[PDB]
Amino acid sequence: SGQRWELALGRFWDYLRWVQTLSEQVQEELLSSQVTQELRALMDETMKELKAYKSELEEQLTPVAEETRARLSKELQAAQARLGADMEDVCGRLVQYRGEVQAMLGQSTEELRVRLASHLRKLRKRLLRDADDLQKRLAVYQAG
């Protein structure tokens, strides 16, 4: 619904979609730490806005039993953690690539790139899946 945190995640997502192409410029920036640096910044902004959003949502809540409210807040916090961990996993996989290329000592990295692409697809599937769940939980959080 165009929340600030969603637009932030959208920018992280668009950038990652670009990285997935493994185009010439992506390949260049992947050997430097430019891609992981720009990706962590986008991840940080997303989590930052996410936290601020949750805090603001809690100003207009429907009153329920301390227990079910306490549970929904624990459930919401877990979904948040998952998202951050997903983004961290992506960054980590990209760091592994940088090192595997270096270890090749100049050899063709075409096979390494085929495998990186395959893996990134699965990691991105996981991230999208977790983002959707988090977004659904946030939508029904206030009603309790």
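Start at 1 and count along the sequence shown; that's the residue number.
Average Cα temperature factor in the PDB entry - higher stretch of 26-34, 60-68: Result of the comparison: 60-68.
As stated in the PDB record, which stretch has the larger average Cα B-factor, 4-12 or 135-143? Looking at the record's C-alpha B-factors, the answer is 135-143.
Looking at 80, 46, 118, 102, which one carries the largest C-alpha B-factor according to the PDB entry? Result of the comparison over 80, 46, 118, 102: 80.
Name the residue from 76, 41, 94, 85 with the greatest C-alpha temperature factor listed in the entry. If I rank 76, 41, 94, 85 by C-alpha B-factor, first place goes to 76.
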